[PDB]
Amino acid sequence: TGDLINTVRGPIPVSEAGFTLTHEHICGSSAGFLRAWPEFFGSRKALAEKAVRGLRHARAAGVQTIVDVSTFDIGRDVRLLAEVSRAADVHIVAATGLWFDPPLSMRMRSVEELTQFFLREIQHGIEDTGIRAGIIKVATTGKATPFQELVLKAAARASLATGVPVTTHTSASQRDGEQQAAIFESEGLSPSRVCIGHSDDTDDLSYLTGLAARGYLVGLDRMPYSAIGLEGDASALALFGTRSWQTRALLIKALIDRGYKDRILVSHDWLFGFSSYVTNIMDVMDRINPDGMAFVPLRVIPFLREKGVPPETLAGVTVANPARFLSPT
């Protein structure tokens, strides 16, 4: 009791986050896009109503908090998050940092200047809203570009100044987490402040337990992603992959059986609109997983319990681990 985390409706006690999905999106977009072209999504209103329905579904399934890891360059719209959060009655933590689509006004910046940007969003507020970020989001897709190295150092420095954790996009098959960890540690950032994300996109347990052993959180955060049955759709296939959700969920069990229950975070990487990909991708997605952000509580948790993972363990994963991660430290 007494430890606080920032949400888009203001500060909440850590102990009130409850069942928390630590890597999700309301809308996967680009900076300025929802302002310039809202009809792409039907309308902003159609978008918000879809999002509220989704989050109410997740809520009815026991989800109390999502961490929306949309950065600036994912076109994060913190006013939109606040509105859907209020209407659905689900807590949303917003993000600072940069994903892998930074425009030139960011790409030209120094590590110092990025640190000041990330600190602004955490300590002052995003835009003119006063809504403060409660997590820093970074990305690589393979070996870090030169600019990506600065982003990761700036994320570490902002995290050390504020205690707010860092979470990452990886290309899991290329084992990005190992270079991310090296860079974070060169800045003196504690591995317990760091989640290495999209780690369920691989079945390489040597890679995963190696990170877990060093104290990193391992984000198994793309649960409902499977393109099985969708072989004739090259865009669906490249994005969702050819492994089933049961295969992804088996990784959670594998890490628990190897003693790493406290190093796991689970999520969907779901969204309610998606302009940064092919047109109509959202129809394909909703067909594959009509449960949205309830898929984890409805399908994954009972699959684990039936594999014999104890209720306490499953609570520790979905409640205690996010609370410990999000708590400024």
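Just count from 1 along the sequence shown to find any residue number.
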property: Mean Cα B-factor comparison, 118-126 or 222-230, giving the higher one as deposited; result: 222-230
property: Comparing 277-285 with 57-65, the one whose average Cα B-factor in the PDB entry is higher; result: 277-285
property: Top residue by Cα temperature factor, when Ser105, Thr145, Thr167, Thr71 are compared in the entry; result: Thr145
property: Modelled-residue ranking by C-alpha temperature factor, third containing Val151; result: lowest
property: Lowest, middle or highest third - CA B-factor, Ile252; result: lowest
property: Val8 CA temperature factor, ranked by third within the chain; result: lowest
property: Third of the chain's Cα B-factor distribution that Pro297 belongs to, per the entry; result: middle
property: Chain-wide C-alpha B factor ranking for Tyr207, given as lowest, middle or highest third; result: middle
